[PDB]
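Here's the structure we're looking at; comments come further down.
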Amino acid sequence: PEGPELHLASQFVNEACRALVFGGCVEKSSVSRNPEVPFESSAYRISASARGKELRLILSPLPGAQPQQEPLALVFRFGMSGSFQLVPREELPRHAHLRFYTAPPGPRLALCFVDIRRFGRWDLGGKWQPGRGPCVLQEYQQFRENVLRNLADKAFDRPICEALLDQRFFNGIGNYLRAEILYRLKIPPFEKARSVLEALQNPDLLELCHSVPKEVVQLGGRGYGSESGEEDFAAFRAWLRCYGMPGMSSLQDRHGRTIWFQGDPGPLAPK
DNA sequence: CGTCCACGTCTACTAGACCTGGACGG
């Protein structure tokens, strides 16, 4: 559930549902504290887009669909285990907490938002989270400007490894990407963030925040979410150079999140 | 049986909380 996997997921939904027509209600598992989706239509299509660590679904009634319904948008955050699967209607995984059902001509499938630990959330209304910065994958220059226009922000007083998690500037970067990013430039994870960014007012740190997650999108698959057996899991593991790898150091940032790295921890290291 | 760890917010006062399950230890 970092930016690459959000992106992959929206693109899986678009592709797998290209030719599906959904129908009926949208069903929530009972265990879920996320809201019920009040949405019913006899014939609708589902599409998606990603932004950072969020994804939006649009549910779009076809012409003449009943009952009446204007398109509806839902935005999802994946937590630590969210994902989407398309499965046979009677063979629902768990823990499929939100389900959309295909309509008759065809084998009965379900598009499921599947989330074991349940840190995922969805919101009615199709709005990106206020406060999240632009997507490092799809909004690169806006991302770069928002970081650079805002270096006085106290966010940047922190270690570069911590600032990379801050979704107000690095929307889409998570724990694995930060290790990978920093590793490509040997930037110690505990250099002050502002010092590493001030250089900018061969690729630099802000370019890698885009181009590194992009690499993962280009592997295709499920990225970090991909299961061992794993044709795509072995890919992702083979792509990783630093995160969890033998040889590397690791330390806890101040929020208890592990940062992996090689070499100098950097001036601000908890000591 | 256990303890620890995981791709991330979220919110009540920088810790806990929120969850399941895999790996490994005894």
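Hydrogens, waters and symmetry mates play no part in the numbers below; they use all other heavy atoms, side chains included. Every chain is numbered from 1, with letters handed out A, B, ... down the list of sequences.
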Taking only N and O in the side chain of A/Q167, is any of them less than 4.0 Å away from OP1 or OP2 of B/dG8?
no
If you measure from the P atom in B/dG2 to the same atom in B/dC13, how many Å do you get, rounded?
31 Å
Between A/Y183 and A/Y243, is a side-chain contact (heavy atoms from CB on, under 4.5 Å) present by the stated rule, with each step listed?
CA-CA 9 Å; A/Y183 173 89; A/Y243 181 86; over 6 Å; no
Scan A/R132 against the nucleic acid and name what it touches under 4.0 Å (heavy atoms): base, sugar-phosphate only, or nothing.
sugar-phosphate
Check the phosphate of B/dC10 against A/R77, side-chain N and O only, distance under 4.0 Å to OP1 or OP2. Yes or no?
yes
Any N/O pairs under 3.5 Å between the protein and nucleotides 19-23 of chain B? List them or say none.
residue : atom : partner : partner atom : Å
B/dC19  : OP1  : A/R33   : NE           : 2.6
B/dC19  : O4'  : A/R117  : O            : 3.1
B/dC19  : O3'  : A/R118  : NH2          : 3.1
B/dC19  : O2   : A/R117  : NE           : 2.6
B/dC19  : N3   : A/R117  : NH2          : 3.1
B/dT20  : OP1  : A/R118  : NH2          : 2.8
B/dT20  : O3'  : A/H95   : NE2          : 3.4
B/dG21  : OP1  : A/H95   : NE2          : 3.1

Interatomic distance at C1', B/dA23 relative to B/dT9, whole Å:
26 Å
Donor-acceptor check, side chain of A/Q85 to backbone of A/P93, threshold 3.5 angstrom: yes or no?
no
For A/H255 and A/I173, find the nucleotide of DNA chain B closest to each by heavy atoms; which residue's nucleotide sits nearer the 5' end?
A/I173
Could you tell me how far B/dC18 sits from B/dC5 if I compare only their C1' atoms? Round to whole Å.
16 Å
Do A/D264 and A/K186 sit within salt-bridge range, that is, some charged N less than 4.0 Å from a carboxylate O?
no
Does A/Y140 have its ring centroid less than 6.0 Å away from the ring centroid of A/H210?
yes
Is any NZ, NE, NH1 or NH2 atom of the basic residue among A/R178 and A/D253 found under 4.0 Å from an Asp or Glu carboxylate oxygen of the other?
yes
Base, sugar-phosphate alone, or nothing: which one does A/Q129 contact when heavy atoms must sit under 4.0 Å apart?
sugar-phosphate
Taking B/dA15 as the reference, what is the distance to B/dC1 when you measure between their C1' atoms (whole Å, please)?
30 Å
Atom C1', compared across B/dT11 and B/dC24: separation rounded to whole Å:
34 Å
Measuring only the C1' atom in each nucleotide, how far is B/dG26 from B/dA12? A whole number of Å is fine.
38 Å
Does a side-chain N-to-carboxylate-O contact under 4.0 Å join A/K192 and A/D157?
no
In terms of the nearest nucleotide of DNA chain B, which residue is placed more toward the 5' end: A/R254 or A/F78?
A/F78
